[PDB]
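Shown next as C-alpha coordinates: one chain only, the form deposited in one PDB entry.
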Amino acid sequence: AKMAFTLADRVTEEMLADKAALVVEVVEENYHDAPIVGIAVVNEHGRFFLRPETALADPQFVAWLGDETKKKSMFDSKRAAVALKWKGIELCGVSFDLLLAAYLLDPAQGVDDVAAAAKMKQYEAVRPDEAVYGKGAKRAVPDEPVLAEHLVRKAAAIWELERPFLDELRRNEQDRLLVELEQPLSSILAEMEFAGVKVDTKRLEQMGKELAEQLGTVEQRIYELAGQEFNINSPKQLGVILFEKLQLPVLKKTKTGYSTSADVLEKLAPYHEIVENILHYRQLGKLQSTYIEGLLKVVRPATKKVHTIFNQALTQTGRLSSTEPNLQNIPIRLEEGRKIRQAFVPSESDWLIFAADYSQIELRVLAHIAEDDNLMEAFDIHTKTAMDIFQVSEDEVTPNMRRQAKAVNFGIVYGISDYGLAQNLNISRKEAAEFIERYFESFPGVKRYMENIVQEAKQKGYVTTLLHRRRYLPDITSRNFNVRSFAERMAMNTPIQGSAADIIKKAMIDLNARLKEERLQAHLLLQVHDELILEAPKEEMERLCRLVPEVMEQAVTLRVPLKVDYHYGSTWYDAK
(Lines give C-alpha, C1' and ligand atoms only; values in the text may rest on other atoms or scores of the structure.)
Protein backbone atom coordinates (compact mmCIF):
# COMPACT_ATOMS: atom_id res chain seq x y z
CA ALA A 1 0.00 0.00 0.00
CA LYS A 2 2.21 2.83 -1.34
CA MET A 3 0.94 4.28 -4.63
CA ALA A 4 2.08 7.55 -6.17
CA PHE A 5 -0.32 9.56 -8.34
CA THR A 6 -0.92 13.14 -9.45
CA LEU A 7 -4.13 14.78 -8.30
CA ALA A 8 -4.42 16.98 -11.38
CA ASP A 9 -6.02 20.41 -11.62
CA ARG A 10 -6.04 20.39 -15.43
CA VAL A 11 -5.73 17.87 -18.27
CA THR A 12 -2.21 17.47 -19.69
CA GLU A 13 -0.83 15.97 -22.89
CA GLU A 14 0.63 12.93 -21.10
CA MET A 15 -2.77 11.89 -19.78
CA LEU A 16 -3.85 11.45 -23.39
CA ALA A 17 -1.56 8.52 -24.29
CA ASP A 18 -2.69 6.01 -26.90
CA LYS A 19 -3.14 3.26 -24.29
CA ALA A 20 -4.50 3.70 -20.76
CA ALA A 21 -6.50 2.17 -17.96
CA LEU A 22 -9.49 4.47 -17.44
CA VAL A 23 -11.89 4.70 -14.51
CA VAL A 24 -15.02 6.85 -14.90
CA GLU A 25 -16.60 6.43 -11.52
CA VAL A 26 -20.35 6.24 -10.98
CA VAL A 27 -21.42 5.31 -7.45
CA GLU A 28 -25.15 4.77 -7.93
CA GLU A 29 -26.12 1.26 -9.02
CA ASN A 30 -28.44 2.58 -11.71
CA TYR A 31 -26.06 4.55 -13.81
CA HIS A 32 -28.68 6.26 -16.00
CA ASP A 33 -28.25 10.01 -15.67
CA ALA A 34 -26.09 9.42 -12.59
CA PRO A 35 -23.27 11.72 -11.36
CA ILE A 36 -19.73 10.97 -12.47
CA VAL A 37 -17.85 11.54 -9.24
CA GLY A 38 -14.27 11.20 -10.44
CA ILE A 39 -11.90 10.01 -13.14
CA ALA A 40 -8.58 8.16 -13.03
CA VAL A 41 -6.11 7.42 -15.82
CA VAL A 42 -3.07 5.16 -15.67
CA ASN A 43 -0.72 4.89 -18.64
CA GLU A 44 3.00 4.54 -19.38
CA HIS A 45 3.62 8.13 -18.19
CA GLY A 46 2.05 7.76 -14.73
CA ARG A 47 -1.12 7.83 -12.61
CA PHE A 48 -3.64 10.69 -12.63
CA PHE A 49 -6.86 11.63 -10.91
CA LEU A 50 -9.11 14.23 -12.55
CA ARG A 51 -12.16 16.04 -11.21
CA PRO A 52 -15.07 15.42 -13.66
CA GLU A 53 -16.11 19.07 -13.74
CA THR A 54 -12.68 19.83 -15.21
CA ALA A 55 -11.95 16.81 -17.37
CA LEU A 56 -15.39 16.53 -18.97
CA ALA A 57 -15.48 20.21 -20.04
CA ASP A 58 -11.99 19.99 -21.51
CA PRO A 59 -12.15 19.72 -25.30
CA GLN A 60 -8.92 17.65 -25.60
CA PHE A 61 -10.04 15.15 -22.96
CA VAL A 62 -13.48 14.85 -24.56
CA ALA A 63 -11.72 14.48 -27.91
CA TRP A 64 -9.53 11.68 -26.48
CA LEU A 65 -12.53 9.84 -24.98
CA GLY A 66 -14.16 9.90 -28.41
CA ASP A 67 -11.06 8.81 -30.39
CA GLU A 68 -11.36 5.06 -31.12
CA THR A 69 -7.61 4.90 -31.86
CA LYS A 70 -6.83 5.82 -28.24
CA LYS A 71 -7.30 2.45 -26.52
CA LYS A 72 -8.74 2.17 -23.03
CA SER A 73 -8.82 -0.70 -20.57
CA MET A 74 -11.69 -0.57 -18.07
CA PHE A 75 -13.96 -2.47 -15.71
CA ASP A 76 -17.69 -2.32 -16.68
CA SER A 77 -17.23 -0.09 -19.69
CA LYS A 78 -20.96 -0.13 -20.47
CA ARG A 79 -21.55 1.67 -17.13
CA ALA A 80 -18.98 4.33 -18.07
CA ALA A 81 -20.20 4.65 -21.67
CA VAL A 82 -23.83 5.16 -20.69
CA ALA A 83 -23.01 7.58 -17.86
CA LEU A 84 -20.97 9.59 -20.35
CA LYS A 85 -23.80 9.49 -22.93
CA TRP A 86 -26.01 11.16 -20.27
CA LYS A 87 -23.30 13.86 -19.96
CA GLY A 88 -23.41 14.22 -23.76
CA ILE A 89 -19.99 12.63 -24.31
CA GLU A 90 -19.06 9.75 -26.62
CA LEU A 91 -16.70 7.06 -25.30
CA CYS A 92 -14.83 5.03 -27.91
CA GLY A 93 -11.81 2.80 -28.14
CA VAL A 94 -12.45 0.45 -25.23
CA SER A 95 -10.16 -2.51 -25.94
CA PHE A 96 -10.36 -4.49 -22.68
CA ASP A 97 -13.10 -4.93 -20.05
CA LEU A 98 -11.99 -6.67 -16.82
CA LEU A 99 -15.60 -7.29 -15.74
CA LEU A 100 -16.38 -9.32 -18.84
CA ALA A 101 -13.01 -11.08 -18.75
CA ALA A 102 -13.68 -12.25 -15.19
CA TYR A 103 -17.21 -13.23 -16.10
CA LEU A 104 -15.99 -15.48 -18.91
CA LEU A 105 -13.22 -17.02 -16.80
CA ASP A 106 -15.76 -18.06 -14.16
CA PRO A 107 -19.32 -16.75 -13.97
CA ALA A 108 -19.74 -18.18 -10.45
CA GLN A 109 -17.32 -15.76 -8.81
CA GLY A 110 -20.06 -13.13 -9.20
CA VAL A 111 -17.41 -10.48 -9.86
CA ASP A 112 -19.06 -7.12 -9.32
CA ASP A 113 -16.12 -4.82 -8.57
CA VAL A 114 -12.42 -4.46 -9.44
CA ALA A 115 -11.33 -5.85 -6.04
CA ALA A 116 -13.30 -9.09 -6.58
CA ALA A 117 -11.65 -9.48 -9.99
CA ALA A 118 -8.23 -8.66 -8.47
CA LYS A 119 -8.60 -11.49 -5.95
CA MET A 120 -8.62 -13.95 -8.86
CA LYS A 121 -4.93 -13.14 -9.43
CA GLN A 122 -3.85 -12.51 -5.82
CA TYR A 123 -3.77 -8.78 -6.48
CA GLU A 124 -4.58 -7.07 -3.15
CA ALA A 125 -3.54 -3.44 -3.75
CA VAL A 126 -7.16 -2.19 -4.08
CA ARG A 127 -10.28 -1.95 -1.85
CA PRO A 128 -13.79 -3.24 -2.52
CA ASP A 129 -16.13 -0.44 -3.55
CA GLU A 130 -18.46 -1.17 -0.65
CA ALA A 131 -15.63 -0.59 1.83
CA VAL A 132 -14.99 2.86 0.35
CA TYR A 133 -18.57 4.10 -0.17
CA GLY A 134 -20.56 2.23 2.49
CA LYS A 135 -24.04 0.68 2.57
CA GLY A 136 -27.62 1.91 2.25
CA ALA A 137 -28.35 5.22 4.01
CA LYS A 138 -24.64 5.50 4.96
CA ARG A 139 -23.57 5.36 1.30
CA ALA A 140 -21.49 8.38 0.24
CA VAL A 141 -18.53 9.70 -1.77
CA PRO A 142 -15.54 10.06 0.61
CA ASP A 143 -13.20 13.01 1.06
CA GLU A 144 -11.41 13.84 -2.24
CA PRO A 145 -7.99 12.42 -1.22
CA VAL A 146 -9.60 9.11 -0.29
CA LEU A 147 -11.79 9.02 -3.42
CA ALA A 148 -8.82 9.82 -5.66
CA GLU A 149 -6.65 7.07 -4.19
CA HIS A 150 -9.42 4.53 -4.63
CA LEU A 151 -10.00 5.43 -8.28
CA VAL A 152 -6.29 5.42 -9.09
CA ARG A 153 -5.89 2.05 -7.30
CA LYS A 154 -8.68 0.59 -9.45
CA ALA A 155 -7.07 1.92 -12.60
CA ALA A 156 -3.67 0.58 -11.54
CA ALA A 157 -5.26 -2.83 -10.94
CA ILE A 158 -6.85 -2.86 -14.41
CA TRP A 159 -3.49 -1.79 -15.84
CA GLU A 160 -1.64 -4.68 -14.21
CA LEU A 161 -4.33 -7.33 -14.52
CA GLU A 162 -5.10 -7.02 -18.23
CA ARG A 163 -2.27 -9.27 -19.36
CA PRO A 164 -2.79 -12.06 -16.78
CA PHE A 165 -6.50 -12.19 -17.58
CA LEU A 166 -5.94 -12.15 -21.34
CA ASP A 167 -3.27 -14.84 -20.89
CA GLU A 168 -5.70 -17.09 -18.99
CA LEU A 169 -8.54 -16.52 -21.48
CA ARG A 170 -6.18 -17.50 -24.26
CA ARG A 171 -5.26 -20.71 -22.39
CA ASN A 172 -8.96 -21.48 -22.13
CA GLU A 173 -9.52 -20.59 -25.79
CA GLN A 174 -11.91 -17.78 -24.82
CA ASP A 175 -10.08 -14.63 -25.85
CA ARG A 176 -12.07 -14.27 -29.08
CA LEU A 177 -15.30 -14.69 -27.07
CA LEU A 178 -14.22 -11.66 -25.08
CA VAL A 179 -12.74 -9.53 -27.85
CA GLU A 180 -15.00 -10.38 -30.81
CA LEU A 181 -18.36 -10.97 -29.07
CA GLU A 182 -18.82 -9.72 -25.50
CA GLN A 183 -16.92 -6.45 -25.75
CA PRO A 184 -18.59 -5.38 -29.02
CA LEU A 185 -21.94 -6.47 -27.53
CA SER A 186 -21.40 -4.16 -24.54
CA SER A 187 -21.28 -1.09 -26.84
CA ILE A 188 -24.50 -2.21 -28.57
CA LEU A 189 -26.22 -2.76 -25.20
CA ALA A 190 -25.07 0.71 -24.11
CA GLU A 191 -26.79 2.15 -27.19
CA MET A 192 -30.02 0.25 -26.51
CA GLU A 193 -30.15 1.28 -22.84
CA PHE A 194 -29.50 4.94 -23.66
CA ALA A 195 -32.10 4.98 -26.44
CA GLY A 196 -34.74 3.66 -24.06
CA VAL A 197 -38.32 2.60 -24.91
CA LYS A 198 -41.09 5.19 -25.10
CA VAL A 199 -44.22 4.61 -23.01
CA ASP A 200 -47.76 5.77 -23.54
CA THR A 201 -48.39 6.96 -19.95
CA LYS A 202 -51.96 8.13 -20.70
CA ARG A 203 -52.80 4.58 -21.76
CA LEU A 204 -50.94 2.98 -18.89
CA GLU A 205 -52.60 5.28 -16.34
CA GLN A 206 -56.06 4.57 -17.71
CA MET A 207 -55.32 0.80 -17.60
CA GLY A 208 -54.37 1.17 -13.93
CA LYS A 209 -57.55 3.03 -13.05
CA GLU A 210 -59.67 0.27 -14.62
CA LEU A 211 -57.53 -2.45 -13.05
CA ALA A 212 -58.03 -0.80 -9.62
CA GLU A 213 -61.82 -1.10 -9.93
CA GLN A 214 -61.59 -4.72 -11.03
CA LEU A 215 -59.22 -5.66 -8.23
CA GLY A 216 -61.73 -4.28 -5.75
CA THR A 217 -64.54 -6.28 -7.34
CA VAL A 218 -62.63 -9.56 -7.26
CA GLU A 219 -61.41 -8.82 -3.74
CA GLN A 220 -64.96 -8.45 -2.42
CA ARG A 221 -66.05 -11.66 -4.19
CA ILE A 222 -63.19 -13.48 -2.44
CA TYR A 223 -64.29 -12.05 0.90
CA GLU A 224 -67.88 -13.17 0.31
CA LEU A 225 -66.71 -16.68 -0.60
CA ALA A 226 -64.32 -16.84 2.34
CA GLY A 227 -66.88 -15.49 4.80
CA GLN A 228 -64.35 -13.01 6.19
CA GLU A 229 -61.92 -10.27 5.10
CA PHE A 230 -58.18 -10.97 5.10
CA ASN A 231 -55.07 -10.01 3.19
CA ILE A 232 -55.15 -12.10 0.02
CA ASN A 233 -51.55 -11.09 -0.65
CA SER A 234 -50.32 -12.73 2.55
CA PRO A 235 -49.71 -16.43 1.89
CA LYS A 236 -49.74 -16.86 5.69
CA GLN A 237 -53.21 -15.34 6.20
CA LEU A 238 -54.39 -17.08 3.03
CA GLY A 239 -53.14 -20.41 4.34
CA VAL A 240 -55.24 -20.10 7.43
CA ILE A 241 -58.31 -19.34 5.33
CA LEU A 242 -57.86 -22.20 2.88
CA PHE A 243 -56.52 -24.96 5.10
CA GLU A 244 -58.00 -24.13 8.51
CA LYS A 245 -61.22 -22.19 8.00
CA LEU A 246 -62.28 -23.86 4.74
CA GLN A 247 -60.49 -27.11 5.60
CA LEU A 248 -59.14 -27.73 2.09
CA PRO A 249 -56.62 -30.56 1.60
CA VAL A 250 -52.98 -29.67 2.28
CA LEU A 251 -51.05 -30.75 -0.82
CA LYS A 252 -47.66 -29.18 -0.01
CA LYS A 253 -45.80 -27.34 2.76
CA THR A 254 -42.72 -25.16 2.77
CA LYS A 255 -40.47 -24.33 5.70
CA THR A 256 -42.71 -21.38 6.63
CA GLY A 257 -46.05 -23.22 6.35
CA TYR A 258 -48.78 -24.24 3.92
CA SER A 259 -47.99 -23.72 0.25
CA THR A 260 -50.40 -21.50 -1.70
CA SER A 261 -48.46 -21.74 -4.93
CA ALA A 262 -50.38 -21.44 -8.20
CA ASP A 263 -49.75 -25.17 -8.85
CA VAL A 264 -51.30 -26.12 -5.50
CA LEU A 265 -54.27 -23.77 -5.88
CA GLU A 266 -55.11 -25.03 -9.38
CA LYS A 267 -55.34 -28.56 -7.98
CA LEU A 268 -57.83 -27.39 -5.30
CA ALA A 269 -60.28 -25.95 -7.87
CA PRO A 270 -62.70 -28.90 -7.57
CA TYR A 271 -62.98 -28.24 -3.81
CA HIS A 272 -63.99 -24.59 -3.65
CA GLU A 273 -64.49 -21.84 -6.19
CA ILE A 274 -62.56 -19.35 -4.02
CA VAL A 275 -59.18 -20.68 -5.21
CA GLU A 276 -59.79 -19.64 -8.84
CA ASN A 277 -60.80 -16.15 -7.73
CA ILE A 278 -57.64 -15.91 -5.60
CA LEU A 279 -55.39 -16.92 -8.51
CA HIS A 280 -57.02 -14.25 -10.64
CA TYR A 281 -56.66 -11.67 -7.88
CA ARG A 282 -52.95 -12.30 -7.45
CA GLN A 283 -52.48 -12.05 -11.25
CA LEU A 284 -54.32 -8.72 -11.33
CA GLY A 285 -52.39 -7.48 -8.31
CA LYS A 286 -49.06 -8.25 -10.02
CA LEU A 287 -50.10 -6.45 -13.19
CA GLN A 288 -50.86 -3.33 -11.16
CA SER A 289 -48.00 -3.32 -8.64
CA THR A 290 -45.30 -4.15 -11.17
CA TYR A 291 -46.33 -3.37 -14.72
CA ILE A 292 -48.44 -0.32 -14.10
CA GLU A 293 -47.26 1.32 -10.87
CA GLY A 294 -43.73 -0.02 -10.92
CA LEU A 295 -43.30 0.92 -14.57
CA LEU A 296 -44.74 4.44 -14.23
CA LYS A 297 -42.28 4.98 -11.35
CA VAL A 298 -39.24 4.59 -13.62
CA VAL A 299 -40.56 6.46 -16.64
CA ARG A 300 -38.50 9.63 -17.25
CA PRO A 301 -41.36 12.18 -17.40
CA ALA A 302 -39.94 14.65 -19.90
CA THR A 303 -39.31 12.03 -22.60
CA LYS A 304 -41.68 9.27 -21.35
CA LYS A 305 -38.92 6.72 -21.87
CA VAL A 306 -37.87 3.84 -19.69
CA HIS A 307 -34.18 2.89 -19.71
CA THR A 308 -33.42 -0.69 -18.63
CA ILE A 309 -29.99 -1.97 -17.68
CA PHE A 310 -28.99 -5.19 -19.36
CA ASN A 311 -26.70 -7.08 -16.98
CA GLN A 312 -24.15 -8.77 -19.22
CA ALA A 313 -22.08 -10.37 -16.46
CA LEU A 314 -24.61 -12.04 -14.15
CA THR A 315 -26.23 -15.20 -15.48
CA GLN A 316 -24.54 -18.54 -15.05
CA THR A 317 -25.38 -19.63 -18.62
CA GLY A 318 -24.37 -16.54 -20.57
CA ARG A 319 -27.82 -15.02 -20.95
CA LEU A 320 -28.43 -11.34 -20.30
CA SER A 321 -30.74 -10.16 -17.55
CA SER A 322 -32.73 -6.91 -17.48
CA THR A 323 -33.29 -4.67 -14.45
CA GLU A 324 -34.93 -1.50 -13.29
CA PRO A 325 -37.23 -2.13 -15.05
CA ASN A 326 -37.06 -5.71 -16.26
CA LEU A 327 -38.24 -5.50 -19.85
CA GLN A 328 -37.67 -9.24 -20.43
CA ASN A 329 -40.71 -10.31 -18.39
CA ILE A 330 -43.52 -8.11 -19.72
CA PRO A 331 -46.75 -10.11 -19.72
CA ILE A 332 -47.95 -11.90 -22.83
CA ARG A 333 -49.60 -15.20 -22.00
CA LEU A 334 -52.98 -13.85 -20.76
CA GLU A 335 -54.81 -11.29 -22.90
CA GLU A 336 -55.50 -9.25 -19.73
CA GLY A 337 -51.79 -8.70 -19.04
CA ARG A 338 -50.73 -8.75 -22.68
CA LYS A 339 -52.54 -5.42 -23.11
CA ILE A 340 -49.72 -3.80 -21.13
CA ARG A 341 -47.61 -4.07 -24.31
CA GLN A 342 -49.95 -1.55 -25.97
CA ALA A 343 -48.26 1.08 -23.82
CA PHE A 344 -44.83 0.44 -25.37
CA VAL A 345 -44.72 2.67 -28.41
CA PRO A 346 -42.18 3.99 -30.91
CA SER A 347 -40.04 6.95 -29.94
CA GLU A 348 -41.02 8.99 -32.99
CA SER A 349 -44.08 9.84 -35.01
CA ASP A 350 -44.52 7.56 -38.01
CA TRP A 351 -42.18 4.92 -36.64
CA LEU A 352 -43.14 1.31 -35.91
CA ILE A 353 -42.15 -1.54 -33.61
CA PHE A 354 -40.45 -4.46 -35.37
CA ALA A 355 -40.05 -7.77 -33.55
CA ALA A 356 -38.16 -10.86 -34.76
CA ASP A 357 -37.76 -14.11 -32.83
CA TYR A 358 -35.80 -17.29 -33.49
CA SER A 359 -38.30 -20.12 -33.88
CA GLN A 360 -37.31 -22.80 -31.35
CA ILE A 361 -33.65 -21.86 -31.70
CA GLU A 362 -32.75 -23.76 -28.54
CA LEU A 363 -34.19 -27.07 -29.69
CA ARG A 364 -32.40 -26.71 -33.06
CA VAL A 365 -29.17 -26.10 -31.13
CA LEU A 366 -29.68 -29.30 -29.13
CA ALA A 367 -30.45 -31.14 -32.36
CA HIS A 368 -27.22 -29.86 -33.89
CA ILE A 369 -25.18 -30.58 -30.71
CA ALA A 370 -26.63 -33.98 -29.77
CA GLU A 371 -26.61 -34.99 -33.46
CA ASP A 372 -30.16 -36.39 -33.46
CA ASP A 373 -31.60 -37.40 -36.85
CA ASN A 374 -35.26 -37.56 -35.83
CA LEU A 375 -35.20 -34.11 -34.22
CA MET A 376 -33.45 -32.52 -37.20
CA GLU A 377 -36.01 -34.12 -39.53
CA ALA A 378 -38.79 -32.48 -37.53
CA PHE A 379 -36.75 -29.40 -38.47
CA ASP A 380 -44.80 -27.50 -35.33
CA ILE A 381 -42.90 -29.53 -32.75
CA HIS A 382 -44.58 -28.01 -29.63
CA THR A 383 -48.09 -28.29 -31.17
CA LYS A 384 -47.22 -31.87 -32.19
CA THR A 385 -46.58 -32.75 -28.54
CA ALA A 386 -49.93 -31.19 -27.54
CA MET A 387 -51.70 -33.46 -30.04
CA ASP A 388 -50.09 -36.37 -28.19
CA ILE A 389 -50.53 -35.52 -24.50
CA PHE A 390 -54.09 -34.20 -25.03
CA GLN A 391 -54.93 -36.67 -27.81
CA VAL A 392 -56.45 -34.17 -30.21
CA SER A 393 -56.48 -32.92 -33.80
CA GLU A 394 -53.96 -30.29 -34.90
CA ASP A 395 -56.79 -27.80 -35.42
CA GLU A 396 -58.08 -28.41 -31.89
CA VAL A 397 -54.80 -27.46 -30.19
CA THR A 398 -55.47 -24.30 -28.19
CA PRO A 399 -52.54 -21.90 -27.52
CA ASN A 400 -52.87 -22.89 -23.84
CA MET A 401 -52.50 -26.56 -24.81
CA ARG A 402 -49.50 -25.79 -27.03
CA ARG A 403 -48.02 -23.72 -24.20
CA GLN A 404 -48.50 -26.67 -21.82
CA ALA A 405 -46.83 -29.07 -24.31
CA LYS A 406 -43.88 -26.69 -24.79
CA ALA A 407 -43.29 -26.98 -21.03
CA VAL A 408 -43.37 -30.79 -21.44
CA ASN A 409 -40.85 -30.80 -24.30
CA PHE A 410 -38.42 -28.67 -22.36
CA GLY A 411 -39.12 -30.55 -19.16
CA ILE A 412 -38.33 -33.92 -20.65
CA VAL A 413 -35.16 -33.07 -22.55
CA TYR A 414 -33.73 -31.30 -19.50
CA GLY A 415 -34.33 -34.12 -17.05
CA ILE A 416 -37.74 -33.66 -15.47
CA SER A 417 -38.69 -36.71 -13.38
CA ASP A 418 -41.84 -38.84 -13.48
CA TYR A 419 -43.08 -36.98 -10.38
CA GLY A 420 -42.58 -33.52 -11.82
CA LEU A 421 -44.22 -34.43 -15.10
CA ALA A 422 -47.11 -36.18 -13.34
CA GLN A 423 -47.70 -33.01 -11.33
CA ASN A 424 -47.41 -30.72 -14.36
CA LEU A 425 -50.04 -32.56 -16.44
CA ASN A 426 -52.15 -33.66 -13.43
CA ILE A 427 -51.73 -37.23 -14.72
CA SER A 428 -50.60 -40.56 -13.24
CA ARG A 429 -46.89 -41.04 -12.39
CA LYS A 430 -46.94 -44.30 -14.31
CA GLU A 431 -48.27 -42.50 -17.36
CA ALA A 432 -45.72 -39.74 -16.88
CA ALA A 433 -42.85 -42.24 -16.63
CA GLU A 434 -43.90 -43.95 -19.84
CA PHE A 435 -44.21 -40.54 -21.55
CA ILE A 436 -40.55 -39.83 -20.70
CA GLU A 437 -39.36 -43.27 -21.76
CA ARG A 438 -41.18 -42.91 -25.08
CA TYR A 439 -39.57 -39.49 -25.68
CA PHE A 440 -36.05 -40.83 -25.18
CA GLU A 441 -36.65 -43.72 -27.58
CA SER A 442 -38.22 -41.38 -30.16
CA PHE A 443 -35.02 -39.27 -29.96
CA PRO A 444 -32.09 -41.58 -29.09
CA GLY A 445 -29.42 -39.01 -29.91
CA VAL A 446 -30.74 -36.58 -27.31
CA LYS A 447 -30.76 -39.54 -24.93
CA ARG A 448 -27.12 -40.50 -25.60
CA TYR A 449 -26.05 -36.88 -25.45
CA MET A 450 -27.54 -36.23 -22.05
CA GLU A 451 -25.78 -39.28 -20.63
CA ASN A 452 -22.42 -38.33 -22.13
CA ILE A 453 -22.44 -34.68 -21.06
CA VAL A 454 -22.96 -35.58 -17.41
CA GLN A 455 -20.02 -37.99 -17.35
CA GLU A 456 -17.91 -35.39 -19.13
CA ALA A 457 -18.75 -32.82 -16.47
CA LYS A 458 -17.81 -35.27 -13.69
CA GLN A 459 -14.42 -35.84 -15.32
CA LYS A 460 -13.51 -32.21 -16.13
CA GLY A 461 -15.34 -30.28 -13.47
CA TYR A 462 -16.98 -27.95 -16.05
CA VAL A 463 -19.08 -27.77 -19.26
CA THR A 464 -18.84 -25.47 -22.33
CA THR A 465 -20.94 -23.82 -25.08
CA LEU A 466 -20.47 -23.65 -28.85
CA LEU A 467 -18.45 -20.42 -28.56
CA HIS A 468 -16.46 -21.74 -25.56
CA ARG A 469 -18.37 -20.15 -22.69
CA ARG A 470 -17.66 -22.15 -19.50
CA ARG A 471 -19.60 -23.18 -16.33
CA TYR A 472 -17.75 -24.95 -13.45
CA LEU A 473 -19.74 -27.54 -11.51
CA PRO A 474 -17.76 -28.60 -8.47
CA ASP A 475 -20.91 -30.11 -6.85
CA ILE A 476 -21.20 -32.68 -9.57
CA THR A 477 -19.35 -35.48 -7.70
CA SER A 478 -20.95 -34.70 -4.34
CA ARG A 479 -21.96 -37.59 -2.05
CA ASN A 480 -25.28 -35.77 -1.50
CA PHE A 481 -28.09 -36.85 -3.84
CA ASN A 482 -29.97 -33.57 -4.21
CA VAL A 483 -26.79 -31.54 -4.55
CA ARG A 484 -25.27 -33.90 -7.12
CA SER A 485 -28.51 -34.16 -9.08
CA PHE A 486 -28.88 -30.42 -9.45
CA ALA A 487 -25.37 -30.17 -10.82
CA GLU A 488 -26.07 -33.01 -13.23
CA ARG A 489 -29.11 -31.14 -14.60
CA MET A 490 -27.01 -28.00 -15.10
CA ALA A 491 -24.62 -30.10 -17.14
CA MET A 492 -27.58 -31.11 -19.32
CA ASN A 493 -29.02 -27.64 -19.63
CA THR A 494 -26.21 -25.13 -19.49
CA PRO A 495 -24.50 -26.04 -22.78
CA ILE A 496 -27.76 -25.67 -24.76
CA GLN A 497 -29.26 -22.53 -23.15
CA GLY A 498 -25.77 -21.03 -23.15
CA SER A 499 -25.16 -21.85 -26.80
CA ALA A 500 -28.48 -20.28 -27.75
CA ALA A 501 -27.34 -17.19 -25.82
CA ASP A 502 -24.06 -17.10 -27.72
CA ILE A 503 -25.87 -17.21 -31.04
CA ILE A 504 -28.30 -14.31 -30.51
CA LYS A 505 -25.40 -12.19 -29.17
CA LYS A 506 -23.53 -12.77 -32.42
CA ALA A 507 -26.70 -11.91 -34.32
CA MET A 508 -27.04 -8.56 -32.55
CA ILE A 509 -23.52 -7.64 -33.53
CA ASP A 510 -24.02 -8.79 -37.12
CA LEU A 511 -27.33 -6.95 -37.30
CA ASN A 512 -26.04 -3.58 -36.15
CA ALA A 513 -23.20 -3.80 -38.65
CA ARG A 514 -25.73 -4.29 -41.48
CA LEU A 515 -28.04 -1.51 -40.24
CA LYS A 516 -25.09 0.92 -40.30
CA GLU A 517 -23.90 -0.38 -43.68
CA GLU A 518 -27.31 0.27 -45.24
CA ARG A 519 -27.61 3.65 -43.50
CA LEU A 520 -30.86 2.65 -41.81
CA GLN A 521 -32.39 4.65 -38.96
CA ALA A 522 -33.72 1.40 -37.51
CA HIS A 523 -32.16 0.49 -34.18
CA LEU A 524 -32.39 -2.18 -31.48
CA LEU A 525 -34.42 -1.47 -28.36
CA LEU A 526 -34.50 -4.84 -26.56
CA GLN A 527 -33.32 -8.43 -26.45
CA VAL A 528 -35.63 -10.97 -24.80
CA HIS A 529 -33.45 -14.13 -24.84
CA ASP A 530 -34.53 -15.42 -28.29
CA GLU A 531 -36.14 -12.21 -29.60
CA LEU A 532 -34.85 -8.86 -30.88
CA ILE A 533 -37.09 -5.81 -30.74
CA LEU A 534 -36.41 -2.80 -32.99
CA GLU A 535 -38.07 0.47 -33.89
CA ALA A 536 -37.74 2.27 -37.24
CA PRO A 537 -39.52 4.64 -39.62
CA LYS A 538 -42.49 2.89 -41.26
CA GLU A 539 -40.74 3.08 -44.66
CA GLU A 540 -37.96 0.79 -43.44
CA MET A 541 -40.36 -2.04 -42.58
CA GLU A 542 -40.25 -3.49 -46.06
CA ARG A 543 -36.43 -3.65 -45.94
CA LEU A 544 -36.35 -4.83 -42.32
CA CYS A 545 -38.63 -7.77 -43.17
CA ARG A 546 -35.78 -9.20 -45.25
CA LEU A 547 -32.67 -7.80 -43.55
CA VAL A 548 -33.35 -8.66 -39.91
CA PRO A 549 -34.36 -12.25 -40.54
CA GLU A 550 -31.51 -12.67 -43.07
CA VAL A 551 -28.91 -11.59 -40.51
CA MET A 552 -30.31 -13.62 -37.64
CA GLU A 553 -30.47 -16.77 -39.79
CA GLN A 554 -26.85 -16.51 -40.92
CA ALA A 555 -25.40 -15.75 -37.48
CA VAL A 556 -24.06 -19.30 -37.24
CA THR A 557 -24.22 -22.43 -39.37
CA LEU A 558 -25.55 -25.64 -37.84
CA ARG A 559 -26.83 -28.93 -39.30
CA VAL A 560 -30.29 -27.49 -38.87
CA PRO A 561 -31.31 -24.16 -40.39
CA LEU A 562 -32.23 -21.32 -38.09
CA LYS A 563 -35.71 -19.95 -38.71
CA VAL A 564 -36.89 -16.44 -37.84
CA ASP A 565 -40.49 -15.28 -37.38
CA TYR A 566 -41.15 -11.53 -37.53
CA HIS A 567 -44.01 -9.08 -37.02
CA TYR A 568 -44.44 -5.30 -36.82
CA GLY A 569 -47.04 -2.78 -35.68
CA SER A 570 -47.93 0.51 -33.99
CA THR A 571 -47.14 -0.75 -30.48
CA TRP A 572 -45.25 -3.71 -29.02
CA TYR A 573 -48.62 -5.43 -28.57
CA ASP A 574 -49.24 -5.16 -32.32
CA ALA A 575 -45.84 -6.67 -33.18
CA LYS A 576 -47.47 -10.13 -33.32
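Think of the rigid core as the biggest set of C-alphas that the two forms share within 1.5 Å after superposition. Only residues modelled in both forms are compared. Numbers follow the displayed sequence, beginning with 1.
There is also a form deposited in another entry; it is not shown, and the following applies to it.
The residue that stands out in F440, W86, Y271, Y414 is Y414, the single one whose Cα moves by 2 angstroms or more between this form and the one not shown on a rigid core fit.
In the core-superposed comparison between this form and the one not shown, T398 has its Cα shifted by at least 2 Å. The two forms, fitted on the rigid core, differ between this form and the one not shown by 2 Å or more at the CA of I389.
Panel note: the distance between the CA atoms of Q391 and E434 is smaller in the other form than in this form, the difference being 3 Å or more.
Look at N329 and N400: in the other form their Cα atoms move 3 Å or more farther apart than in this form. Segments displaced between this form and the one not shown are 382 to 408, 412 to 414 (runs of at least 3 consecutive residues, each Cα moved 2 Å or more after rigid core superposition).
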